[PDB]
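Since every read-out is calculated from the coordinates, none of them should be taken as a lab result. All Cβ positions, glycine included, derive from the backbone under ideal geometry; neighbour counts span all protein chains shown.
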There are 2 protein chains.
Amino acid sequence: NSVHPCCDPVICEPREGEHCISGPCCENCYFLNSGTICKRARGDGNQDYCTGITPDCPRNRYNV
Amino acid sequence: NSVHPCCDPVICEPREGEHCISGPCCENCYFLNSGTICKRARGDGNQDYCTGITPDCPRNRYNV
């Protein structure tokens, strides 16, 4: 198929000015605001939140 | 010009099986053996060495 629209194929980094390529916490090449819920929990209210600085969805650190 | 031969443009990561894209300590998409000198010093013998796990040339930590 083809180049990811966020990717710069001569560097294998995101195009200059963009943050990221893909991930729960990446949207149109930019990081979602930290605090954005990226996964809800079955229920303690210990939900997983975006960091604002990575594209993944970190496990909430209060989880055992 | 064109895609870096190490780059996978649908992921913006190195092709599967390769380590890296470019850097003093990257060669043909693979990490140089750790211990490989990547820069000599003007002279204490405190040279900079590749790590075996990154493509950059770290400053030797014994440097003030």
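Across region A:9-33, the qualifying residues are those that are of a type in the set (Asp, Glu) and over 12 Å from the mean Cα position of the chain (by Cα), and the one among them that is surrounded by the most Cβ atoms within 10 Å (Cβ to Cβ) is A:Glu18.
In the set A:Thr54, A:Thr36, only one residue is among the β-branched types (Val, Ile, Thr), more than 14 Å from every other protein chain (Cβ to nearest Cβ), within 18 Å of B:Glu13 (Cβ to Cβ) and within 13 Å of the chain's Cα centre (by Cα); that residue is A:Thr54.
Kindly indicate which of A:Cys20, A:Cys38 is outside any loop (DSSP other than H, G, I, E, B) and under 30 Å from B:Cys20 (Cα atoms).
After applying the criteria, what remains is A:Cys38.
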